[PDB]
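To begin, one chain is listed below as structure tokens, in the form deposited in one PDB entry.
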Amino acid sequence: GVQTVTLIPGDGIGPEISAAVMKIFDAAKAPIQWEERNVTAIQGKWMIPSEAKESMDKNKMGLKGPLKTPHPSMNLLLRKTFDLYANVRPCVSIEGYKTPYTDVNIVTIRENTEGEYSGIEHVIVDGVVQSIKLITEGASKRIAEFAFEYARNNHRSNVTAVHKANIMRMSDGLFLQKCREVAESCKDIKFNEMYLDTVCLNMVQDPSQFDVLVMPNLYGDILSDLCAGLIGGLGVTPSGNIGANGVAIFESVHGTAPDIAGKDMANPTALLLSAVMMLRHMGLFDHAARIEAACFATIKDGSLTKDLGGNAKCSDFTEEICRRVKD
């Protein structure tokens, strides 16, 4: 039967690209019905409207477009309210779209609760600023357990913990400590540890060696963006946030792009591929596989959006995929 997914179209290109995914999901005749909520901030005591929370709490699956950043970030409010603690970014090379890196196929799993997010920053005396971050024993264990769980289910064979335990001796030491615990209980997956800089050094040189990477949020999404740089950028990268209660919201990392907002120039590839992720999380694999293949095929051919150097339009690009899916 049809399952229902909370849709949060974003701002700028957000509604436009949301529209495009729905159109393709329709051409794909996939058992999905979109319960649209447009959530904006309300109250400090900031919160998302109850109607949006309950929608997400019920459906468990969210798909969202880019959100303008204005008090507390909406993204922040979402993360906190559904306890999204695992960020997944699978970076795989695109056959139609040539970059200096072609062999790329990685999943970056990052802690999504602490580090930068839990940070407090303040002035100590004039011209001296101090930054405060934290890592907990509980949260490192959780993300590690997720990392191996994701590797096992998604037919992945290696998990690498990325740390900087030379400098963050205590914090990254505790992170490794938990990753080791979990590796002991999950010997199906080959586990190693690397320093962040060596990973970056090697990533640039030969990303083919890496499979699945797990890390804490002391450094943010810098490394995942490094990987996105490898496969053509933020226009084509799916993102997923998995939380407590079986909630999972899939999103696009690329910004709003307001200067282009009208005229449907925008590239809906990233959001679409995120939905493909969503379909697989749901277990609608056939549908995920078809929509994905159509999207890859459409790019390989060239009907390309301007950012991909096509002169084609969002509608056409969407239209072209739609047409392909039907066969």
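Just count from 1 along the sequence shown to find any residue number. Here the rigid core means the biggest group of C-alpha atoms that line up within 1.5 Å when the two forms are laid on top of each other.
Compared with other PDB entries of the same protein, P258 is present in all of those that resolve the residues around it, none of them, let alone a third, dropping it. When the other compared entries with both flanking residues are checked, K68 is modelled in all of them, not unmodelled in a third. The segment from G262 to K263 is modelled without interruption, since every residue of the deposited sequence in that interval carries coordinates. Count the deposited residues lacking coordinates between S50 and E51 and you get none at all.
As listed in the deposited structure, the average C-alpha B-factor of 313-321 and of 9-17 is greater for 313-321.
As the entry records it, the average C-alpha temperature factor is higher for 152-160, out of 152-160 and 217-225. Among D188, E121, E114, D206, the highest C-alpha B-factor in the deposited entry belongs to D188. Among the modelled residues of its chain, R180 has a C-alpha B-factor that falls in the middle third, as given in the PDB entry. Among the modelled residues of the chain, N245 sits in the highest third by CA temperature factor in this PDB entry.
The deposited CA B-factor of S252 belongs to the middle third of values across its chain. Ranked against the other modelled residues of its chain, the C-alpha B-factor of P72 as given in the entry falls in the highest third. Annotation for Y97: C-alpha temperature factor in the highest third relative to the rest of the modelled chain, per the entry.
Heads up, the form deposited in another entry isn't pictured, but that's what we're talking about next.
Here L174 does not count as shifted, since its C-alpha moves by less than 2 Å between this form and the one not shown after the core is aligned.
Once both forms are fitted on their core, a CA shift of 2 Å or more is seen for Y219 between this form and the one not shown. Put the two forms on the same core and the Cα of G229 is off by less than 2 Å between this form and the one not shown.
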